[PDB]
Amino acid sequence: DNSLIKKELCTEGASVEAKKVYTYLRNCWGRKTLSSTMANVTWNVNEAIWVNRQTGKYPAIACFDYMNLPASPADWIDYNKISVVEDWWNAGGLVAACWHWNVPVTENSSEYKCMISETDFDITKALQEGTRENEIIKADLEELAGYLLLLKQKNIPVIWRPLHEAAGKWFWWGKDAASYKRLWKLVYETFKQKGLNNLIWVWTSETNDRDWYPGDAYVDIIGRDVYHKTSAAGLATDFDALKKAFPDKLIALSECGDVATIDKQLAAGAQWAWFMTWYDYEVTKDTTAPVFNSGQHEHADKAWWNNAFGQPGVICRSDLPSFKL
Ligand SMILES: [Ca+2]
Ligand SMILES: [Cl-]
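Mapped onto the authors' numbering, the consecutive letters of the sequence shown carry residue numbers 37 to 361.
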């Protein structure tokens, strides 16, 4: 059943909690699919709260985004304030994080973006020791490693998914496979130097992009991000292709929106390790606003989520075992 999936994380001496989380996911492979929601933008669990108000159940995994490194610390975003992550973990939920790596729109700008169409930041220069771009990404990694170390010191592991969708060539890190792989290894080695042993590394594949794969030494789980795909058969075809490319690794639907209901996906063979719905900015940015209660959602509405939780294979937060002690 799951004998092909690797038993060990790529990180030597990974934390007890990271190993427990990974081992649980490995045990679920082919049998269960975890539910997950994205934060509203970055640093909250507003979509998890929204899902509970629609269904009575919470998602198993809450994901956060370190996108706003340039502004942190600020009145409105401070990644040193880890209570929102701590509180989720202590309520028994799993913690995930991604990272829209925002860089100056142009040299000396005060605007920060991540799409190639919105920044001229050049990864090839960022990898050359001593350049302006290199100093920028080193300082970002130092700041980010410090924020992640706050979670490590609280014994909170993170299902960590940086540098995603590289081969789509729409983010500044998607210029070319060779420089992309060098950047992934720099992030990994920088974090290793900082002592971050609480991370499970998720590499997001666009399918048929093996030239972009950073390597077994730097990756634990494969992710796929899919929007606007309502053929469950097509979703299963993607799932199968990823399983074939990476037969030793769990495969997750790490982002989705406007996709076939989970019952159809599962019946077609798309047996993802988890699915994470993207956020609807206007609906969940304010949990006190009337729109919070309506049930409509750009990515997965009330009916979609009640369908998902109606399926035997789908895990909610209260289904999870304990990952602490
Ligand atoms: Ca900062
Ligand atoms: Cl629950």
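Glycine included, each C-beta is placed from N, C-alpha and C at the ideal position.
- Under the Cβ criterion (8 angstroms, minimum of three pairs), the region 280-297 counts as touching the region 250-258.
- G66 carries a coil assignment under DSSP once its states are collapsed to helix, strand and coil.
- Pairing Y58 with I351 gives a Cβ-Cβ distance that is not under 9 angstroms.
- By the neighbour-count criterion, in which a residue is buried when 16 or more other Cβ atoms sit within 10 angstroms of its Cβ, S119 is exposed.
- Inclusion of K93 in the 8 angstroms shell around ligand 2 follows from its C-beta lying nearer than that to a non-hydrogen atom of the ligand.
- If you draw a straight line from the Cα of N191 to the Cα of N234, it is about 8 angstroms long.
- For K265, the enclosing beta strand (DSSP E) covers residues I257 to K265.
- When the alpha-carbon of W248 is set against those of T226, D284, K211 and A268, the nearest one is in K211.
- Each of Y183, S146 and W79 was checked against the Cα of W124, and the nearest Cα belongs to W79.
- For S354, the closest alpha carbon among the candidates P140, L130 and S153 is that of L130.
- Excluding sequence positions up to five before and after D156, its CB lies within less than 6 angstroms of the CB of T142, all in the same chain and listed in chain order.
- Counting of Cβ neighbours within 10 angstroms places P250 among the buried residues, the total reaching 16 or more.
- Around ligand 1, the residues whose beta-carbon falls short of 6 angstroms from at least one of its heavy atoms are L105, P106, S108 and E179, given in chain order.
- Under the DSSP assignment, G293 falls outside any alpha helix (DSSP H), being part of the beta strand (DSSP E) whose first and last residues are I287 to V295.
- With a beta-carbon spacing of about 6 angstroms, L278 and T243 fall inside the 8 angstroms limit used to define contacts.
- Distances taken from the Cβ of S72 to the heavy atoms of ligand 2 include none shorter than 8 angstroms.
- Per DSSP, the beta-bridge partners of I236 are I195.
- When the five nearest sequence neighbours on each side are left out, the beta carbons in the same chain lying within less than 6 angstroms of the beta carbon of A107 are those of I113, in order along the chain.
- When C-beta atoms of the region 94-102 are compared with those of the region 133-142, three or more pairs fall below 8 angstroms, so the two segments count as touching.
- Between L70 and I298, the alpha-carbon positions lie close to 11 angstroms from each other.
- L130 sits in a strand when the DSSP states are folded into three classes.
- In the displayed model, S119 falls within a helix according to three-state DSSP.
- Sorting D284, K265 and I159 by C-alpha distance to the C-alpha of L222 places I159 at the top.
- Nearest to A296 by alpha-carbon distance, out of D276, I85 and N343, is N343.
- Relative to ligand 2, the beta carbon of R353 is positioned inside 8 angstroms of a heavy atom.
- In its chain, beyond the 5 residues on either side, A281 have a beta carbon closer than 8 angstroms to the beta carbon of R246.
- In the DSSP secondary-structure assignment, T73 is bridged to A98 and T313.
- DSSP links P326 through a beta bridge to no other residue.
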